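> Here is my input, please return the structure:
(2 chains)
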Amino acid sequence: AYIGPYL
Amino acid sequence: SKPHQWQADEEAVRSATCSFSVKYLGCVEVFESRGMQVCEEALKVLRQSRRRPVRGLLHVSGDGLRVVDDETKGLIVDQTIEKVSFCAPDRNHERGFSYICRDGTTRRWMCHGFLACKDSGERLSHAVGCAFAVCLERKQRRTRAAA
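Numbering: from 1, shown residues only, chains lettered A, B, ... in the order given. The relevant structure is shown in the block below.
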């Protein structure tokens, strides 16, 4: 996705 | 809504001062609160349970999501965005999302769920999606190798 679901 | 108002909100978060309507379901108990697979199921729990959804607006300001109803006028998720476990949109299959907080001040791994009011992945998704941007604007997040 962006930051949440990854970073 | 294309270059006009969307350009504003996209910057609001940058300066920490945005917001968008929504029906924040509530909160549930979990054994993770640190992932995405838990959010997909967590939201489902918010329904099966008795976590009636609010009818107000999410106070997003690139610092901490402070969802508040438009009836009781009370803060539901009074947590910092930098401290919270962050959010993770279900699967953008129907404009669904869900936050998560590792205990902190919510007892334990408390999973959260909130379905966008307008429902169009263009109010909370991109709004809060950037809310964290201000937190780790330089992608300080340590998930990959990096260099």
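
> residues touching residue B:73, list them.
Counting by CB atoms under 8 Å, 6 or more residues apart in numbering or on different chains, residue B:73 makes contact with residue B:56. All C-beta atoms are positioned from the backbone trio N, CA, C, and that covers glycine.

> How much space separates it from chain A?
Going from residue B:73 to chain A by CB to the nearest CB, to the nearest Å gives 28 Å.

> Count the residues that sit near the residue in chain B positioned nearest to chain A.
Chain A sits closest to residue B:141 of chain B, with a gap of 3.3 Å, by CB to the nearest CB. Around residue B:141 there are 15 other residues, counting by other CB atoms under 10 Å in any protein chain shown.

> Spit out the contact partners of it.
Contacts of residue B:141 by CB under 8 Å, 6+ apart are A:3, A:6-7.

> For chain B, tell me which of those show up nearby.
Of the residues in these, proximity to chain B by CB under 8 Å from any CB of the partner chain holds for A:3, A:6-7.
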